[PDB]
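> Structure below; questions to follow.
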Amino acid sequence: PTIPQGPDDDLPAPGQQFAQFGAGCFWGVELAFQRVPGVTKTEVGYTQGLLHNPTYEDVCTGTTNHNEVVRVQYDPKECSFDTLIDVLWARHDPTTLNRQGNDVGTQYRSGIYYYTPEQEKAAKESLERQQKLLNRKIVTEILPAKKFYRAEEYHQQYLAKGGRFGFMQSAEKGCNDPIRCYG
């Protein structure tokens, strides 16, 4: 109904700003942002769908239309929204519709969900610059941010915790070690 269709009424920490990005399986996407200087908090969850308080099992069915996203809290004085957008372009292929890698489904779609008109404009202009670099058309959706449902704790900072195989991937700021999808 309208609850999940409502806005994100959560307030970030003082002096911080919220940002939301969808770029496929949220594990790798979260790790990418954890390494960005200026990012003070990261968390994965579900949003843009039609089901209130969804579980991972619900989203997995692909019938909720929710997208797996990372909600980022960043300090605008230390990290610009543009820098975050650049991280997005470098973390995934923004030209595949409703899929990322071998993860197929609407819950893996590319998207930038803005909290302000400033973010919307920045996202649209950044997409134009990025597009001139890619052959395929960018399908990333730029829409207003909506209610964010934080995912189960076992999904949070999953790769840094060890991933599927036990090999922890570092979340230290400035780390450029290639991010591996599931572990």
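Within each chain, counting starts at residue 1; across the structure tokens, chains are named A, B, ... in the order shown, with ligands numbered 1 upward in that order.
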Produce a table with one row for each residue of region 70-107 of chain A that has an atom at most 9 Å from any atom of region 24-48 of chain A, each row naming the nearest atom pair and its distance in Å at one decimal; use only C-alpha atoms; arrange rows by chain and rising residue number; format as a tab-separated table.


```
residue	atom	partner	partner_atom	distance
A:70	CA	A:44	CA	4.4
A:71	CA	A:43	CA	5.5
A:72	CA	A:42	CA	4.7
A:73	CA	A:41	CA	4.9
A:74	CA	A:39	CA	4.2
A:75	CA	A:38	CA	5.4
A:76	CA	A:38	CA	7.6
A:77	CA	A:38	CA	7.9
A:78	CA	A:38	CA	4.8
A:79	CA	A:38	CA	4.6
A:80	CA	A:38	CA	8.3
A:83	CA	A:36	CA	8.7
A:84	CA	A:33	CA	7.6
A:87	CA	A:32	CA	7.2
A:88	CA	A:29	CA	8.0
A:91	CA	A:29	CA	6.9
A:92	CA	A:24	CA	7.6
A:98	CA	A:24	CA	8.5
A:99	CA	A:24	CA	6.8
A:100	CA	A:24	CA	5.1
A:101	CA	A:24	CA	7.9
A:103	CA	A:25	CA	7.1
A:104	CA	A:24	CA	8.8
A:107	CA	A:24	CA	7.4
```

> Please identify all polymer residues within 12 Å of residue 49 (chain A), counting only C-alpha atoms, omitting same-chain residues fewer than 5 positions from it, and present them as a PyMOL selection string.

chain A and resi 1-7+54+58-59+62-69+106-107+145-149

> Restricting it to C-alpha atoms, dump the selection as a short mmCIF file (atom, residue, chain, number, x, y, z; two decimals), in the first residue's frame.


```cif
data_model
loop_
_atom_site.label_atom_id
_atom_site.label_comp_id
_atom_site.auth_asym_id
_atom_site.auth_seq_id
_atom_site.Cartn_x
_atom_site.Cartn_y
_atom_site.Cartn_z
CA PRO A 1 0.00 0.00 0.00
CA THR A 2 1.13 3.53 0.89
CA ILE A 3 3.43 2.83 3.85
CA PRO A 4 6.21 1.39 1.67
CA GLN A 5 5.21 4.00 -0.91
CA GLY A 6 5.74 6.75 1.64
CA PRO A 7 9.00 8.73 2.05
CA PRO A 54 9.26 -7.31 3.92
CA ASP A 58 9.46 -12.00 0.54
CA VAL A 59 11.86 -10.00 -1.61
CA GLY A 62 10.50 -11.08 -6.83
CA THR A 63 6.84 -10.11 -6.44
CA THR A 64 7.24 -7.19 -4.01
CA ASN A 65 9.07 -4.96 -6.50
CA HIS A 66 11.37 -3.88 -3.68
CA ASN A 67 14.97 -3.19 -4.66
CA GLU A 68 18.03 -4.29 -2.69
CA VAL A 69 19.71 -1.04 -1.73
CA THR A 106 13.79 -6.62 -10.17
CA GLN A 107 15.38 -6.64 -6.71
CA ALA A 145 13.80 8.01 -1.97
CA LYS A 146 11.05 6.08 -0.19
CA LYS A 147 10.53 4.11 3.02
CA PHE A 148 13.66 2.08 3.81
CA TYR A 149 13.30 -1.34 5.43
#
```

> Quick one, how far is CA of residue 110 (chain A) from CA of residue 179 (chain A)?

17.8 Å

> Which distance in Å separates CA of residue 143 (chain A) and CA of residue 109 (chain A), to one decimal?

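Taking CA of residue 143 (chain A) as the start and CA of residue 109 (chain A) as the end point, the length is 12.6 Å.
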
> Write out as a list in words which residues come within 12 Å of region 129-131 of chain A when counting only C-alpha atoms, dropping same-chain ones fewer than 2 positions away.

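In the requested format, the answer is residues 82, 85, 86, 87, 88, 89, 90, 93, 94, 95, 122, 123, 124, 125, 126, 127, 133, 134, 135, 136, 137, 138, 139 and 140 of chain A.
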
> Applying 6 Å and only C-alpha atoms, which residues near residue 142 (chain A) remain after dropping the ones on its own chain fewer than 3 positions away? List them as JSON, numbers by chain.

{"A": [111, 112, 113]}

> Please produce a file of the residues just selected, as a PDB file, in the first residue's frame, where the atoms kept are N, CA and C atoms.


```pdb
ATOM      1  N   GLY A 111      19.710   1.794  -9.477  1.00  0.00           N
ATOM      2  CA  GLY A 111      18.943   2.971  -9.133  1.00  0.00           C
ATOM      3  C   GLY A 111      19.613   3.892  -8.140  1.00  0.00           C
ATOM      4  N   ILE A 112      19.268   5.169  -8.242  1.00  0.00           N
ATOM      5  CA  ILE A 112      19.774   6.201  -7.349  1.00  0.00           C
ATOM      6  C   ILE A 112      18.499   6.832  -6.814  1.00  0.00           C
ATOM      7  N   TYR A 113      18.288   6.733  -5.508  1.00  0.00           N
ATOM      8  CA  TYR A 113      17.083   7.269  -4.892  1.00  0.00           C
ATOM      9  C   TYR A 113      17.454   8.503  -4.082  1.00  0.00           C
TER      10      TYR A 113
END
```

> List every residue of region 3-143 of chain A that DSSP, applied to the backbone, labels as strand (DSSP E), and write the result as a ChimeraX atom specification.

/A:17-23,39-47,67-74,99-100,103-104,110-114,141-143

> Keeping only C-alpha atoms, write those residues as a CSV table (one decimal), in the first residue's frame.


```csv
chain,number,residue,atom,x,y,z
A,17,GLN,CA,23.0,13.3,4.9
A,18,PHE,CA,21.3,10.2,3.5
A,19,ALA,CA,21.9,8.6,0.1
A,20,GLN,CA,20.4,5.4,-1.4
A,21,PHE,CA,21.9,3.2,-4.1
A,22,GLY,CA,20.8,0.0,-5.8
A,23,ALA,CA,23.4,-1.8,-7.8
A,39,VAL,CA,30.9,7.8,4.7
A,40,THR,CA,29.9,7.5,8.3
A,41,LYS,CA,27.4,4.7,8.1
A,42,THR,CA,26.2,2.0,5.7
A,43,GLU,CA,23.3,-0.5,5.9
A,44,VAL,CA,21.5,-2.7,3.4
A,45,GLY,CA,17.8,-3.0,3.1
A,46,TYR,CA,14.7,-3.1,0.9
A,47,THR,CA,12.9,-0.2,-0.7
A,67,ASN,CA,15.0,-3.2,-4.7
A,68,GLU,CA,18.0,-4.3,-2.7
A,69,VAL,CA,19.7,-1.0,-1.7
A,70,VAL,CA,22.4,0.4,0.5
A,71,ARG,CA,21.4,3.4,2.6
A,72,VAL,CA,24.5,5.5,3.2
A,73,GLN,CA,25.0,8.3,5.7
A,74,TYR,CA,27.8,10.6,4.7
A,99,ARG,CA,19.9,-7.9,-13.3
A,100,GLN,CA,23.5,-7.5,-12.1
A,103,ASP,CA,21.6,-12.1,-10.1
A,104,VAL,CA,18.4,-11.8,-12.1
A,110,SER,CA,20.2,-0.2,-10.8
A,111,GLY,CA,18.9,3.0,-9.1
A,112,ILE,CA,19.8,6.2,-7.3
A,113,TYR,CA,17.1,7.3,-4.9
A,114,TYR,CA,17.4,10.9,-4.0
A,141,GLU,CA,16.5,4.8,-12.5
A,142,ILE,CA,16.7,8.1,-10.6
A,143,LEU,CA,13.7,8.4,-8.4
```

> Expressed in Å to a single decimal, how great is the separation between CA of residue 159 (chain A) and CA of residue 178 (chain A)?

12.2 Å

> Give me every alpha helix (DSSP H) residue in chain A, going by DSSP on the backbone, as a PDB file with C-alpha atoms, in the first residue's frame.


```pdb
ATOM      1  CA  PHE A  26      23.645  -5.410  -1.833  1.00  0.00           C
ATOM      2  CA  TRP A  27      26.598  -7.192  -0.214  1.00  0.00           C
ATOM      3  CA  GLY A  28      29.189  -5.952  -2.701  1.00  0.00           C
ATOM      4  CA  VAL A  29      27.522  -2.576  -3.006  1.00  0.00           C
ATOM      5  CA  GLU A  30      27.710  -1.985   0.732  1.00  0.00           C
ATOM      6  CA  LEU A  31      31.403  -2.905   0.914  1.00  0.00           C
ATOM      7  CA  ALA A  32      32.176  -0.417  -1.851  1.00  0.00           C
ATOM      8  CA  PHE A  33      30.656   2.423   0.161  1.00  0.00           C
ATOM      9  CA  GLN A  34      32.147   1.281   3.463  1.00  0.00           C
ATOM     10  CA  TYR A  56      14.386 -11.466   2.640  1.00  0.00           C
ATOM     11  CA  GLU A  57      12.168 -14.412   1.734  1.00  0.00           C
ATOM     12  CA  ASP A  58       9.464 -12.001   0.539  1.00  0.00           C
ATOM     13  CA  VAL A  59      11.862  -9.998  -1.610  1.00  0.00           C
ATOM     14  CA  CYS A  60      13.352 -13.213  -3.004  1.00  0.00           C
ATOM     15  CA  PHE A  81      27.389  13.193  -3.378  1.00  0.00           C
ATOM     16  CA  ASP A  82      29.188  13.146  -6.740  1.00  0.00           C
ATOM     17  CA  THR A  83      31.975  11.042  -5.263  1.00  0.00           C
ATOM     18  CA  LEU A  84      29.338   8.562  -4.125  1.00  0.00           C
ATOM     19  CA  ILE A  85      27.841   8.492  -7.622  1.00  0.00           C
ATOM     20  CA  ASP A  86      31.296   7.816  -9.080  1.00  0.00           C
ATOM     21  CA  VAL A  87      31.611   4.841  -6.723  1.00  0.00           C
ATOM     22  CA  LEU A  88      28.291   3.580  -8.060  1.00  0.00           C
ATOM     23  CA  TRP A  89      29.414   3.716 -11.705  1.00  0.00           C
ATOM     24  CA  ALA A  90      32.644   1.922 -10.816  1.00  0.00           C
ATOM     25  CA  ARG A  91      30.904  -0.790  -8.754  1.00  0.00           C
ATOM     26  CA  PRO A 117      16.582  18.069  -5.676  1.00  0.00           C
ATOM     27  CA  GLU A 118      20.320  18.700  -5.425  1.00  0.00           C
ATOM     28  CA  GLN A 119      20.960  14.956  -5.385  1.00  0.00           C
ATOM     29  CA  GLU A 120      18.498  14.406  -8.219  1.00  0.00           C
ATOM     30  CA  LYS A 121      20.249  16.971 -10.400  1.00  0.00           C
ATOM     31  CA  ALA A 122      23.689  15.646  -9.519  1.00  0.00           C
ATOM     32  CA  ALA A 123      22.622  12.087 -10.348  1.00  0.00           C
ATOM     33  CA  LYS A 124      21.137  13.045 -13.716  1.00  0.00           C
ATOM     34  CA  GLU A 125      24.165  15.097 -14.742  1.00  0.00           C
ATOM     35  CA  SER A 126      26.558  12.367 -13.618  1.00  0.00           C
ATOM     36  CA  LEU A 127      24.637   9.788 -15.646  1.00  0.00           C
ATOM     37  CA  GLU A 128      25.047  11.968 -18.741  1.00  0.00           C
ATOM     38  CA  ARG A 129      28.809  12.133 -18.249  1.00  0.00           C
ATOM     39  CA  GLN A 130      29.039   8.387 -17.593  1.00  0.00           C
ATOM     40  CA  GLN A 131      26.840   7.517 -20.578  1.00  0.00           C
ATOM     41  CA  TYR A 158      28.317  -9.467   5.148  1.00  0.00           C
ATOM     42  CA  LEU A 159      31.484  -9.445   3.039  1.00  0.00           C
ATOM     43  CA  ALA A 160      33.523  -7.718   5.754  1.00  0.00           C
ATOM     44  CA  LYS A 161      32.311 -10.394   8.186  1.00  0.00           C
TER      45      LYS A 161
END
```

> With distances taken over only C-alpha atoms, which of A:115, A:10, A:150, A:173 is nearest to residue 52 (chain A)?

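Checking each candidate against residue 52 (chain A), we get A:150 as the closest.
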